[PDB]
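Protein chains in written order, with the working numbering: chain D, 832 to 970; chain X, 387 to 1125; chain H, 10 to 89; chain A, 17 to 236; chain S, 74 to 204; chain G, 442 to 471; chain Z, 95 to 156.
The C-beta atom is built at its ideal place from N, Cα and C for all residues, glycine as well.
Scroll down for the structure; my scribbles are underneath it.
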Amino acid sequence: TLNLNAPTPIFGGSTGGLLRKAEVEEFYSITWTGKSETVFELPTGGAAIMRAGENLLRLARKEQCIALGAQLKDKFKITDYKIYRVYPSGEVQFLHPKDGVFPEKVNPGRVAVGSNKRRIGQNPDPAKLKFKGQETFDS
Amino acid sequence: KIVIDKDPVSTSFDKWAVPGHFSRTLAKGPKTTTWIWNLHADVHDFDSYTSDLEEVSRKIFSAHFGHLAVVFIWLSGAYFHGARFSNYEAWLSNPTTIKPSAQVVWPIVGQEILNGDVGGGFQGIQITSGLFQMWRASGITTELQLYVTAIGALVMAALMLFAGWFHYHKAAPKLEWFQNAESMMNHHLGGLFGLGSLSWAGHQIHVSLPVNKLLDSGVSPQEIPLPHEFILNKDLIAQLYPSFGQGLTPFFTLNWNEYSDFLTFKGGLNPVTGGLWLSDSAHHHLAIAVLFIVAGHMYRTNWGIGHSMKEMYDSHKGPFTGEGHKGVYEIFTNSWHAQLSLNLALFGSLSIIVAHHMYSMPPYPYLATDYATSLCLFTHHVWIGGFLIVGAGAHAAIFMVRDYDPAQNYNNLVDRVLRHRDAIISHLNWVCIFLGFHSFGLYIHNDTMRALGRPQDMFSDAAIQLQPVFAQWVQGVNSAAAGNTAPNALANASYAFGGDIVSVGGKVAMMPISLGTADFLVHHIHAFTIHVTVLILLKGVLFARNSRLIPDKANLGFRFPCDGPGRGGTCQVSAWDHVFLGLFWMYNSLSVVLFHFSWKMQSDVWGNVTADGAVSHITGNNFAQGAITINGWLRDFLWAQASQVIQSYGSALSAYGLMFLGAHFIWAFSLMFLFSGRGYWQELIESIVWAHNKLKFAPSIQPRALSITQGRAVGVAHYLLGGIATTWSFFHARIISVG
Amino acid sequence: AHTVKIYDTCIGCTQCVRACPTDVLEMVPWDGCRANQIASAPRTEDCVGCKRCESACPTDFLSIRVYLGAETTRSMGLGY
Amino acid sequence: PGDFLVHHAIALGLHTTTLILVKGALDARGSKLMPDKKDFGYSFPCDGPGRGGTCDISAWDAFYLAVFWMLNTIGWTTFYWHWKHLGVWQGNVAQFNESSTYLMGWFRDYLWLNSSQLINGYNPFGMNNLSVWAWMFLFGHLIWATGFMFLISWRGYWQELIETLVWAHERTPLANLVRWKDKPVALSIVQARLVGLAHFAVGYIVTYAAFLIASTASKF
Amino acid sequence: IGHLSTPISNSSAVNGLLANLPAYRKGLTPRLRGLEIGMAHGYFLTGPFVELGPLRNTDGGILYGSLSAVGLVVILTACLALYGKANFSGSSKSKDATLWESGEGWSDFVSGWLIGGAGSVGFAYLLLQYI
Amino acid sequence: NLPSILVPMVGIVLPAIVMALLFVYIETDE
Amino acid sequence: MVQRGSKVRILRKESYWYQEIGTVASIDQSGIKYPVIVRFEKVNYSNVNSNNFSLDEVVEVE
Ligand code: CLA
Ligand code: CLA
Ligand code: CLA
Ligand code: CLA
Ligand SMILES: CC1=C(/C=C/C(C)=C/C=C/C(C)=C/C=C/C=C(C)/C=C/C=C(C)/C=C/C2=C(C)CCCC2(C)C)C(C)(C)CCC1
Ligand SMILES: CC1=C(C/C=C(\C)CCC[C@H](C)CCC[C@H](C)CCCC(C)C)C(=O)c2ccccc2C1=O
Ligand SMILES: CC1=C(C/C=C(\C)CCC[C@H](C)CCC[C@H](C)CCCC(C)C)C(=O)c2ccccc2C1=O
Ligand code: SF4
Ligand code: SF4
Ligand code: SF4
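Printed below as a string of structure tokens:
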């Protein structure tokens, strides 16, 4: 699960973080284990210090959690980051990795969502799909 | 310590054959035509392709030598065209009537009408560079002295060009020779700034002051003895300021008061030239030397004593500000861009201080009466300085993208500004809208009150007054310091704050520039337009790495157009695009500064003086009741004073009228690139590569449209080139005709 | 939210998937060979429409296409 | 001779304006830079920074660029008609005939010359029956120039700036207390083009209408 | 932590003024706290109109300037009514349930702003034309 | 005389009414 | 039947090199759709020189 509460890193700052949207609907949390006590940039400003932990950071968007999650795998090589989205005032737990495997890797058991069985030149004319509920790109 | 590498780069022409030899990408050849524009874009960005900081720093070191060469080449042509193609000899006999001219134009299709009747027996282009008043202050009386200075600049250009080849190809310094900041601070303060003002004071005492006292008495420029004859003939230098018969024995016995005739504190303007006293400037640069020479004995070196700048940043920290300046020395000794940003900030800020201190305290003889020169010297260095301030916010942003480090900057003063950057920007956002309403809206009020028949409801001197009392008090405490708080000064710092009028010939050299409601209005326009220029550049600097919109903006770079049409649209999010937006706002900020200058001087300051003492100005003091409305800024300034740039056809002023329309053209040509986008022109080219494929000759370098970031750059270049050269042409053809 | 469609010209290079800043895409087993992989868009409700995916696709004219649609708090990229 | 040059300028305007409109229409369904353009409709922002860059690739954007060329074209038409008739109505046709063959004549004897009274509709000494047109003339210049803001500066700069304002509002007491029902966001990519062009073109016409009416009514 | 910690943040010399203003005060009802806001704002809003107006050397400058000030209060009475109809559509609940979070008394706030606003506009008219 | 009554109605009063009518219509919901 | 190294012309209308001449790099010897890899001398807007086509989109201009 989320393991809330977990120790927030030693930061103290960022005007640019987690305003009134968080308390009404849909804020995000990223949980990783930092195997050092190094300083790392945030999506808001830059520092905190990564704990030994059980580290946890509440962010505003899912964009900022992957943008921070790309930094932990690039600079510090800790690829065990686990982004989430909260309970009652939030929507859906365990956003990434959804199948337990990183999305660049293939995993059997996933389903092809949003696939089109053609090219884009084989897409019909918009005049052929005028005054209908069908979409020009959907199959 | 000096450690030098011997021959790291060979001197061959093998890489002259290959364009783009320096990077892995550009050394493959052009597949498209964007390769041509990508080639010239990042040649002098050495940090991108070379990832060795020792290698980058040698490229920067030899580049400054090559830039020092092209300034000496420009300095030789400034002196050679002063010797061969100028009326400088007849100008010294009559500096008031004869206009300063150089650049004789060749007898071809009709541009030999630009060689106008400029004075004496000469025909050329009247120059507004101040070189004639600068060489007269330097002491030059013949063109033989101007000739050797042109030769002396060319050998100095070749010496800088030889030093740039030598310090990269043959004898390149290591990285640790560049990081010795305390020795470099010691040497430039003592050697470059101290001895430079010490030895120029040596020129000003031995060369400038002897020939200029003989020019103020006015015998002849040919009867004046040569500047080396004031060194040999000690009885000749004892005839004027007779303290040279005592020698250097007043200097070494500390009896410095004997030099009180050529090292004075007169403090004002010469009544016969209208410039600063050269005895004041000789005593000036001597005190600037001793202040700068001892300042180069401040920082620590390999001899124990001195301050270390790393230990002045440690233990300069408070309870408000965390770690304080801990980490700034490791920034400034490793980041070439953070050095370039701060060096461009105060080199451009200084250039506006030069312009403000040279019209009020005119330093050169017969400079203040030449209205054709002092206005262009103001508008040059304001424009030159404001361009560098945009380069400060430019290269501060490149520091954040690639040279910033989270590990070294933890809880220091770089990090604590990055943690409240929304508090800085939104408070800067409020003060721009506050100043925009409460300065510009006081014109919109005054346009509306003047139009609706209500001149008693506007902001004027015969209306609701907004008097500049915080500036009129500074006009009072600086004009009453002669004998009170600067007691040894004979007069004030200038005649701008208050004093008498100084008249050389028939025209005002300097007079009290009185401030009123109309001066309150424009000074809050300036503070408004400056604060927006800070608002765009600081938003690009602070949000260079990330934001709420894009948190990985540093992973995309300093210079990229957008992150797509999503998130609503993220076009012009980059740190580059804030510099691109700040270039127009610098154009908007500086152009009303010079419109304030060119109208306040012509109406309230500059003009003719009759024999009784009454002053008749150029435009007739119409700044007080005219400049309070936008219509008066249009009718009585932009419409009335542009009557000499458009009626210039058929005279020597005609090329300014050609440049007037020539820059109206290129300014409008810029909006073709600014308002449009690339994907129109790429498909317009797709039909034009069709007709070149139709007749079977299409180039293998595939024709591409300009990039989004380049089309912004092509537009902002022609906007500034077309905007400033319109103001260059309007200013020049006005004050040549009226002043 | 925006709609992200994946056409049958995908060569399973994974570049698009590794370009997406909000993890909208993933590689899934293809049944046309049971050997290669095709891109998919199972989390289009988080798509901000940046189009970083398409800019990473190597195929001459895109195999993954993003058609901007109805905007939402997630799609507008708001932290507020 | 003056009439010859302008007629080719007007011709230049009619051909270039038609070019923008014809290329936009014929490439509306697709081009090499965007083969499936028809699937995105008449008006859409672009297709991202990929494939070299795709700003202004929609058919709507082509009309948008053509609105700048038509105004320029109709401007050169109306500039010509006015100056020529001005001499004709004063019975001194020589001014147009000799000055219209070079552009400085159009700048000195047409715009600057005929703006003498208009620009003096009100001044520090009084006001006449042209104060309205003089105010409108300045009014037009300001809204023309205001359009340049939306056309040169794009969405991203503004969206990030607006975010600091959202932050500032929510953290200031006595103002925090009240809230927007609609979240503030920067104008859209397409929206800005439209809003900029609308300001530009309203300003273009309002400036010329003020000048045309006042300059002719002043001397008749 | 999410919020930054400056040494001047969370200061009781500043936070004490907030908890005792008539917008955060604990004992006030919406009819009372709108009456106090209107009595302060109407008192200074007649300030700029009577010395900066289209008619200032008149019979006349104080009466017509005070007429413009109550003209703003009845405009801002409409905006406080328009903000109430929009932001409280059925008086939309929230976590805190203040006057400003969910409305629930908002019609008394807008009426109390009108009495205290137009009163203190007229009260300050008594202190300038008379007294 | 009727100009003095009507031009503050459609200049001030009537735009205040229709802006009030359009603003509640925008922010209503089902 | 198109072999490797042969010159083709592209019939795919949405391609950048439609109705243009390219040479085949390789043919995939399986049942994968679009196996014909053609390499072109001209680069597209993404600066790539290769693409996958089917047999129906290539011809045998030789
Ligand atoms: C004259 C003999 C000579 C020769 C044969 C070389 C040869 C070389 N130099 Mg060296 N160098 C020289 C003198 C020479 N240099 C001088 C005089 C300087 C001081 C400026 C340098 C400083 C220097 C640096 C810092 C670097 C080199 C590098 C190189 C290598 C590649 C450069 C290249 O191919 O672009 C050829 C470039 C040109 C043909 C353009 C010349 C530009 C001039 C200097 C200024 C032009 C400005 C001018 C005013 C134009 C403005 C616009 C105009 C309209 C007014 C090449 C081996 C590079 C290298 O070794 O990388 C590994 C490198 O980084 N040189
Ligand atoms: C961008 C290029 C540029 C160009 C083409 C010019 C052109 C000119 N300058 Mg300007 N200048 C510029 C930038 C430029 N300037 C900038 C950015 C500054 C601020 C540092 C200045 C400061 C300046 C001064 C103080 C003077 C000129 C003068 C002149 C004119 C005479 C030429 C000359 O040789 O004077 C030679 C220069 C002098 C005789 C004065 C030099 C004294 C200064 C204080 C020395 C400072 C050197 C030091 C290394 C720089 C400060 C570094 C510091 C920030 C750490 C000529 C119009 C002179 C003038 O007005 O002529 C009438 C003049 O007195 N300039
Ligand atoms: C003349 C054309 C013009 C005008 C009026 C503006 C106006 C503005 N710019 Mg823009 N800008 C322009 C051209 C213009 N710009 C161009 C061409 C560019 C491209 C480079 C930009 C790029 C740019 C950037 C990058 C930024 C600005 C910002 C601003 C705002 C600054 C703060 C301010 O003064 O608010 C007060 C508003 C005014 C002074 C406008 C005049 C208002 C009058 C006096 C009052 C209104 C009268 C009446 C009440 C109106 C309505 C009546 C009706 C409802 C009945 C201001 C709205 C900045 C910003 O947003 O900072 C917060 C900012 O960062 N602009
Ligand atoms: C298009 C419609 C319109 C009309 C008819 C007016 C009319 C007026 N305006 Mg203008 N104004 C307008 C639009 C309009 N305005 C717009 C769009 C702007 C923004 C650019 C302005 C900006 C402006 C300013 C800054 C000022 C005016 C002022 C005035 C008044 C000048 C004479 C006067 O003071 O009489 C003397 C009469 C009085 C002082 C009292 C008249 C009645 C007052 C306004 C209301 C009394 C309260 C009433 C019982 C209830 C409020 C009515 C409301 C609910 C509808 C005049 C009534 C001046 C003024 O006096 O403001 C009030 C003034 O300072 N106007
Ligand atoms: C300077 C300063 C300050 C101050 C300011 C302010 C804040 C002020 C304001 C003030 C105010 C703003 C006041 C108010 C007042 C009020 C009043 C004075 C009211 C009264 C009213 C009345 C009395 C009325 C009544 C009535 C009614 C209600 C109705 C019925 C009838 C009548 C009319 C009777 C501070 C502290 C910040 C800080 C420091 C600086
Ligand atoms: C006009 C325009 C173009 C088209 C302009 C292009 C492609 C520039 C090409 C013009 C130059 C002058 C071609 C030069 C060709 C040769 C170098 C000529 C050599 C001649 C020798 C004798 C020197 C864009 O690509 C663009 C992109 C983004 C925003 C706006 C715009 C935009 O406005
Ligand atoms: C200033 C500016 C903004 C900020 C402006 C915004 C967000 C809207 C500001 C308008 C306010 C609401 C004042 C509107 C005044 C008008 C007179 C109202 C007209 C309303 C009509 C329905 C009548 C952008 O969002 C933007 C986006 C893309 C390119 C350029 C720009 C741009 O230049
Ligand atoms: S859609 Fe494009 S990026 Fe994604 S797997 Fe297919 S070819 Fe690669
Ligand atoms: S548009 Fe952007 S967020 Fe959406 S799938 Fe493509 S790359 Fe990912
Ligand atoms: S640069 Fe082009 S693709 Fe990017 S946001 Fe602007 S219009 Fe859209």
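Ranked by Cα distance from X/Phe-648, the options X/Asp-400, X/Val-860, X/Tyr-627 are led by X/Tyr-627. For X/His-1003, the enclosing beta strand (DSSP E) starts and ends at 1001-1003.
Under a criterion of Cβ atoms nearer than 9 Å, the residues of chain Z adjacent to X/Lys-417 are, in order, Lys-136, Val-137, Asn-141, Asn-143. Nearest CB-CB separation between X/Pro-937 and chain D: below the 8 Å threshold. Chain S places no beta carbon closer than 8 Å to that of D/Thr-862, leaving this residue out of the contacts. For Z/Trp-111, there is no enclosing alpha helix (DSSP H), as DSSP marks it with neither H nor E. Taking 8 Å as the CB threshold, S/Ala-159 lines the interface with chain G. A/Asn-139 sits in a strand when the DSSP states are folded into three classes. Residue pairing by DSSP places D/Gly-877 opposite D/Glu-872 in a beta bridge. In the DSSP assignment, X/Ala-741 falls within the alpha helix (DSSP H) that extends over 722-745. Nearest neighbour of A/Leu-49 by Cα position, chosen from Z/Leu-149, Z/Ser-140, Z/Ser-148, turns out to be Z/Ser-140. For A/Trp-183, the residues of chain D that pass the 9 Å Cβ criterion are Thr-846, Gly-847, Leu-850, in the order they occur in the chain. Our two residues, X/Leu-852 and H/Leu-77, have alpha carbons roughly 53 Å apart in a direct line.
Listed by position along chain Z, the residues whose Cβ is nearer than 7 Å to that of A/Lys-48 are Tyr-110. Cβ atoms of Z/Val-118 and Z/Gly-99 come within 8 Å of each other, at about 6 Å. Near ligand 7, meaning a Cβ closer than 6 Å to any of its heavy atoms, lie the following residues in chain order: A/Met-165, A/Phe-166, A/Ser-169, A/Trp-170, A/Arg-171, A/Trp-174, A/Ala-202, A/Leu-203, A/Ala-208. Only residues of its own chain outside the window of five on either side were considered, and among them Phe-432, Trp-722 have a CB closer than 7 Å to the CB of X/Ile-446, listed in chain order.
Take H/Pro-38, set aside five residues on each side of it, and the residues of its chain with a beta-carbon closer than 8 Å to its own are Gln-46, in chain order. Closer than 8 Å to the CB of D/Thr-875 there is not a single CB belonging to chain A. Residue contact check for X/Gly-885 against chain H: no CB pair falls below 8 Å. Look at D/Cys-896: its beta carbon is at least 7 Å from all of the heavy atoms in ligand 9. With contact defined as three or more Cβ pairs closer than 8 Å, the region 855-870 of chain D and the region 780-797 of chain X are in contact. Within 10 angstroms of the beta-carbon of S/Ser-164 lie fewer than 16 other beta-carbons, which makes it exposed. DSSP places X/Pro-841 outside both helix and strand once states are collapsed to three, so it counts as coil. Proximity of S/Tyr-156 to chain A, defined by a Cβ-Cβ separation below 8 Å, is satisfied. At least one CB atom of chain A sits nearer than 8 Å to the CB of H/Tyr-76. For ligand 6, the residues with a Cβ under 5 Å from any of its heavy atoms are, in chain order, X/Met-1058, X/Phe-1059, X/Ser-1062, X/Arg-1064, X/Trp-1067, X/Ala-1091, X/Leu-1092, X/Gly-1097. With respect to S/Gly-189, S/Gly-115 sits close: the two C-beta atoms are nearer than 8 Å. Under the 10 Å beta carbon count, Z/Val-155 is surrounded by fewer than 16 other beta carbons and is classified as exposed. Taking C-alpha positions only, X/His-453 is separated from X/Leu-1107 by approximately 22 Å.
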